[PDB]
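Reading through the structure tokens given below for one structure.
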Amino acid sequence: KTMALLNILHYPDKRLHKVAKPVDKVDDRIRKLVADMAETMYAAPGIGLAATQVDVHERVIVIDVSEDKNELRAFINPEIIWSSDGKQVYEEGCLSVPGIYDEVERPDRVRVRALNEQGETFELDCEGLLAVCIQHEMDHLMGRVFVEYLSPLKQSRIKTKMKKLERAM
Ligand SMILES: [Zn+2]
């Protein structure tokens, strides 16, 4: 049985650098995008996804960092309203860069304001893995892939790996 999923763009596709526009109205269309994005993320599988990655250039993110896959959260027009001076290093992968993992330094805590699937405004203190994931996904909406924080040498080697990835048997 086939499954209707959204295609995930791969680095270094130029469309991953497009800046997403804000969601003006959280309508039934946006709730469907949240639904299709969550299905696409769980099937990949992965723990977050930005609409940019499926070639939908609007400020929509879904995240589920839980092991049981029982903590799905949607973030529409997210805003970092406070960031910590403290930084932590974490080895990130990315659904748009399959097979590539490297350390990234980010603020270790952020507070985000966003809209939920019902257009209500909410605020969330993020720490640990969630703090990494939300910043990773929000980077995607600004056209940023995590490999852009790596050295040019490493970006060049990743680009070569991505060409291998397309020729896999
Ligand atoms: Zn990613």
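Every residue number used here counts from 1 along the chain in the order it is shown.
Method reported for this entry: X-ray crystallography, 2.0 Å.
Each residue, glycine too, has its Cβ placed from N, Cα and C.
Residues annotated as Fe cation binding site in Swiss-Prot, with sequence analysis given as evidence: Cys94, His136, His140. Listed in sequence order, the residues of the same chain lying 6 or more apart from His140 (Fe cation binding site) and placing their CB within less than 8 Å of its CB are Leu16, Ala50, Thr52, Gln53, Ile61, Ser96.
The active site annotation in Swiss-Prot covers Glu137 and is backed by sequence analysis. For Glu137 (active site), the same-chain residues lying six or more positions away in sequence with a CB closer than 8 A to its CB are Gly48, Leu49, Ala50, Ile61, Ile63, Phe75.
Using the Cβ center of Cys94, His136, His140 for Fe cation, the list of other same-chain residues with Cβ within 8 Å runs, in sequence order, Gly48, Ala50, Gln53, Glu92, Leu95, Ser96, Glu137, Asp139, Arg144, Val145, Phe146.
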